[PDB]
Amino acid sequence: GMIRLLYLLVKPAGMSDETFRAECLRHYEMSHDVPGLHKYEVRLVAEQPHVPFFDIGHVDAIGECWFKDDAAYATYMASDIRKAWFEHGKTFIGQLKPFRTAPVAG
C-alpha cells in the first residue's frame, strides 16, 4: 500500500553532465535523513530509443519516492529537512512536480 511518486528530471542550465550526476548522487545521499520518506531512487537516462512513439521532451534523470502511508507523507510534507532537500532538488537536479502512481491490481 506504498505511496509512490515519480519525477522526470531535466538538467539545470549552466552545469555540466558531470556536475549533474554528482548533484543526483548527493541528492540520493541526503534522502536517507528525510523524515517520512521510506525510500528514494535516482537514475540517469542513459538512452532514449513497434508501438507508436510517444513525443515528450528530453529527460536527463528519473527520481522516485516511496512513502509507507498517508501519515508518513504528512510528516514528510511538514518537515524542514524535507524542505531543504527539495530546495536542493529543485535548484540542482531540476525537480518539478511528480507523477503519482498506483498498482494495477485491485
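All residue numbers refer to positions in the sequence shown, first residue = 1.
- Item | Missing residues, deposited sequence, between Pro49 and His50 (class: none, 1 to 3, 4 to 9, 10 or more) | Per the deposited record, the segment joining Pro49 and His50 lacks coordinates for 1 to 3 residues.
- Task: Between 73-81 and 50-58, point out the one with the higher average CA B-factor as the PDB entry records it.
- Result: Stretch with the higher mean C-alpha B-factor: 50-58.
- Would the CA B-factor of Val42 place it in the lowest, middle or highest third of its chain? It falls in the bottom third of the chain.
- Grab the CA temperature factor for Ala102 from the record and place it in the lowest, middle or highest third of its chain. Ranked within chain, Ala102 CA B lands in the lowest tercile.
- State the tercile, meaning the lowest, middle or highest third, of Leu25 with respect to the CA B-factors recorded for its chain. Answer is lowest: the recorded C-alpha B-factor places it there.
- Query: According to the PDB entry, is the CA B factor of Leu5 in the bottom, middle or top third of its chain, that is, lowest, middle or highest?
  - Reply: As the PDB entry reports it, the C-alpha B-factor of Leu5 lands in the lowest third of its chain.
- Task: State the tercile, meaning the lowest, middle or highest third, of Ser16 with respect to the CA B-factors recorded for its chain.
- Result: Middle third - that is where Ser16 ends up once the chain's C-alpha B-factors are sorted.
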